[PDB]
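[1] sequence first, structure after, both from an experimental entry:
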Amino acid sequence: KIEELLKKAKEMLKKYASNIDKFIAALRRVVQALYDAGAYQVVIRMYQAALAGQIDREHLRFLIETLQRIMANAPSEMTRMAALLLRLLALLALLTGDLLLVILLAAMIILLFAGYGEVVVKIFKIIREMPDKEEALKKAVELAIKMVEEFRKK
Amino acid sequence: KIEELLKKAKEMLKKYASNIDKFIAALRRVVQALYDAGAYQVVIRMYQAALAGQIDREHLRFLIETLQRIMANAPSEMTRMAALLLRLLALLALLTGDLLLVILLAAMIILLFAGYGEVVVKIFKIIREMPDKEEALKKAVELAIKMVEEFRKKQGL
Amino acid sequence: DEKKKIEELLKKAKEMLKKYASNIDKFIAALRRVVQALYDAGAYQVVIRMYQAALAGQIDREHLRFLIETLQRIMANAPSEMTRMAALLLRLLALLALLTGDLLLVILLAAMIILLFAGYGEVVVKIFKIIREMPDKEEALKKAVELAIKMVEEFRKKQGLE
Amino acid sequence: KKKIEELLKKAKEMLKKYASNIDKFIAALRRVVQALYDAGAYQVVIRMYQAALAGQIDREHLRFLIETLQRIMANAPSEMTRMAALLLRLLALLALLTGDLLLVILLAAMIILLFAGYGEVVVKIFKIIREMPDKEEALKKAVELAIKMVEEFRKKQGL
Amino acid sequence: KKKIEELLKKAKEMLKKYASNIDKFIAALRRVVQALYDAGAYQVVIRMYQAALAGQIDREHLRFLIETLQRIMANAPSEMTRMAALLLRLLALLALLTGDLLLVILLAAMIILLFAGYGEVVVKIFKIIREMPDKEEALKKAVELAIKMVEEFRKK
């Protein structure tokens, strides 16, 4: 399953690359829907627990199911695909138990909610251009954590 | 299964009856733990959706597992058992599909958060003293909804 | 190699239970001495918290690791071989609980510690009887865990856990 | 290696955050200590303290405290509590990696005094550790005051 | 020379603590001696006792007892046991720093008598050391009583 999820994730990132701005907008709408569903503080708790080495699996499952409802009711294809990408990342974080993916997902949600689109485009640039995916993942997680700290400052 | 959950729930309510004040305090602590876990807005959304005839099962499942974690890490027996009572009610709502159970659970959590303990004592009195349990559930849900409206009027929700 | 460790830990346990069968009363006494050392080391409240968390479906691995290391210190400083080997048996069970993630092993370990502390030696003898006689070991574990939980509840009612 | 230096750097920055608001940080430390007690770690702290007073470092005790404090950081809703827990965890990690008994004694005595309600003693310990020029002599003086107050608390009530 | 004074004052305050409850302090001393035996130090104590009876001070034996008693203090859960160990450790350090054979004999003989169950002899030793005005003559009398009762124990 992990192999299938990784294949679909990168295939979704090729659609992202084709048109960044509309995909970022769709991610923002998905994050707004998550907030409307009552899941934002769930994301914040998941992020804090992950920063300290704890993976909140119930939080991940609730996020996955909420994203699936969003895909079911979204009229825009762009919104469905943004939701699908975030859901694939969440399922990967859940099944691999990898803390950096939990941090990446939660920080991406937080930064999208905060309006830091440039940080998300750069994170995706790190994930798609650098070949060493593990160190690209570490670099993007480092930038995400740094920028959420900056958002937390103001 | 539903029969066994009902058995443990009412047996838990007799333990409640033995000492109402400390049990309400423990329920307040459980709800504070729910809020700290990020689950309070989950309950509010579940409550609105139930008021409109929709059962948000992902919300219920997240609440159930959060209550289980609270039971796993609570040092007080009172806190563990209050959490267990709320979790049994949630499991009943999930397996029976009863919208009134979802409304009751969410409204009890909200009123506990609001400090309306007296309303919670009255809800429990209605469901355990009235003989016809379905009519007690209907009446308690009506009182819960009314008092949640009052809490929304005076403070925020 | 992880499973390799699991068979080695279970097999090393089986030899300890045959030695136990040879002289149950003295082995129970050694278990009481090990548990008294655990209490003196400050690990009893750790065991109680682990027990409650396991009863609610959570495995506290830091608690298990602290118990494993404490039991190893007991083996290092115990002058009686009986004490060292009782500690070794409990440590093998703890390592098994830790590597398999089996909640029933965590509950059994913690309840055995609590019952030994409470003086319920015959309950521990019956637990070992279930684990040694019943053919289906997985069903023996469930039966022993339910008996342990029941008797820990009785002890909590009569005397108090902490 | 060079991690002890990073732990000292992060600790000193955490003590600057402490200095910014003393009272709320002491409150967060008491909340962290209450969480330790709820986790079953208080008797561990007392045993570590007694062993350290006689020159013995209980390393399993330290590791259990480090891991418990990290779980507290993972589940604390207030950032102030998370950062108090992180400060105590950095001190524990330093005690573990340097083998310094005075750090073990300081950590355990601070936990005991916070549990006992001697917050002002902790404020004084932090004042000594942050104001004196010679950090090692400040550590010795702070440990001296901590030991005095834990012994006095044992004289009045219990431990 | 100043350390000898600091050890002596800490000893006198420990003996006032003993006086407050002699029976419980003797029980704690027996527990300390049992811990020494479990640590493998009892034959060390016996050889130290013989060597001191013949005018030889075994300093490695004394140091091993000092460090073992401190380990006992580090791991004892009872405060009184930690303090009995501390009293014996102060006495051992005094024997080591002064080179006094009577302190070596007294320490080893008290350990032996506690192990043998002669608690009352140790109570009398403490009474002699705390009542007699001339402390050196009190030490001589306590050593004579200790040697006499250890020899009596060895005969039977």
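    Noted; the coordinates are in hand. Numbering: from 1, shown residues only, chains lettered A, B, ... in the order given.
[2] does residue A:140 touch residue A:119 like I think?
    No - checked against C-beta atoms under 8 Å, the pair residue A:140 and residue A:119 is beyond contact range at 9.6 Å. C-beta coordinates here come from the backbone N, C-alpha and C atoms, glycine included.
[3] can you pull the residues of chain A lying near chain D?
    A:45, A:48-49, A:51-54 (C-beta under 8 Å from any C-beta of the partner chain).
[4] mind doing that once more with 6 Å?
    Contact residues, chain A versus chain D (C-beta under 6 Å from any C-beta of the partner chain): A:49, A:52, A:54.
[5] which of the residues you listed come close to chain B?
    Within those, nothing lies near chain B by C-beta under 6 Å from any C-beta.
[6] of those residues, which is the most crowded?
    residue A:49 (23 neighbours; other C-beta atoms under 10 Å in any protein chain shown).
[7] my guess is that one contacts residue A:58, does it?
    No - here residue A:49 does not reach residue A:58: they are 10.9 Å apart, not a contact under C-beta atoms under 6 Å.
[8] picking that back up, restricted to helices, list the residues of chain A next to chain D.
    Residues of the residues of chain A next to chain D located in helices (DSSP state H): residue A:49.
[9] can you map out the helices along chain A?
    Listed in chain order, the helices of chain A (DSSP H) span A:2-18, A:20-36, A:40-51, A:57-73, A:77-96, A:99-114, A:117-129, A:133-153.
[10] what about stretch A:65-84 and chain B, touching?
    Yes - for a cut-off given as C-beta under 6 Å from any C-beta, stretch A:65-84 has contacts with chain B, namely residue A:65.
[11] contact partners of that stretch?
    Residues from elsewhere that reach stretch A:65-84 (C-beta atoms under 6 Å, 6 or more residues apart in numbering or on different chains): A:22, A:26-27, A:29-30, A:33, A:37, A:39, A:86-87, B:58.
[12] any quick ChimeraX command for the buried ones out of those residues?
    Typed into ChimeraX, the next command selects the buried ones out of the contacts of stretch A:65-84 (criterion: 16 or more other C-beta atoms under 10 Å in any protein chain shown):
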select /A:26,27,29,30,33,37,39,86,87 /B:58
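[13] center of chain A - which residue?
    residue A:105 (3.2 Å; C-alpha atoms, centre = their mean).
[14] hmm, that one is touching residue A:87, no?
    No - taking contacts as C-beta under 6 Å, residue A:105 lies outside contact range of residue A:87: 9.6 Å.
[15] now the common contact residues for those two.
    Residues within reach of residue A:105 and of residue A:87 at once, by C-beta under 6 Å, 6+ apart: there are none.
[16] and the gap between residue A:103 and chain C?
    Distance, residue A:103 to chain C, using C-beta to the nearest C-beta, to the nearest Å: 21 Å.
[17] now residue A:23. Nearest residue, chain neighbours left out?
    Once flanking residues are discounted, residue A:23 sits nearest to residue A:16: 4.6 Å by C-beta to C-beta, 6 or more residues apart in numbering or on different chains.
[18] close to chain B: what parts of chain A are there?
    Contact residues, chain A versus chain B (C-beta under 6 Å from any C-beta): A:38, A:41-42, A:45, A:58, A:62, A:65.
[19] thinking residue A:144 is in contact with residue A:107, fair?
    Yes - using C-beta under 6 Å, residue A:144 is in contact with residue A:107, at 3.6 Å.
[20] show me what contacts whichever residue of chain A sits closest to chain E?
    Evaluated by C-beta to the nearest C-beta, chain A has residue A:53 as its residue closest to chain E, separated by 31.8 Å. With contacts defined as C-beta under 6 Å, 6+ apart, residue A:53 has no neighbours.
[21] give me that answer again for 7 Å
    Contact analysis of residue A:53 by C-beta atoms under 7 Å, 6 or more residues apart in numbering or on different chains lists A:99, D:70, D:74.
[22] next one: phi and psi at it?
    Residue A:53 adopts backbone torsions of phi 90, psi 10, taken as degrees, to the nearest 10.
[23] about what we covered before: the residue nearest to residue A:23 and residue A:124 touch, don't they?
    Yes - using C-beta atoms under 7 Å, residue A:16 and residue A:124 qualify as a contacting pair, with a distance of 6.3 Å.
[24] what distance do you get for residue A:125 to chain D?
    Taking C-beta to the nearest C-beta as the measure, residue A:125 falls 29 Å from chain D.
[25] residue A:50 contacts residue A:101, doesn't it?
    No - applying C-beta under 7 Å as the test, residue A:50 and residue A:101 come out as separate, 9.0 Å apart.
[26] which neighbours do the two share?
    With C-beta under 7 Å, 6+ apart, residue A:50 and residue A:101 have no common neighbours.
[27] for the contacts of stretch A:65-84, which one is nearest chain C?
    Each of the contacts of stretch A:65-84 was scored against chain C by C-beta to the nearest C-beta, and residue B:58 proved nearest at 19.7 Å.
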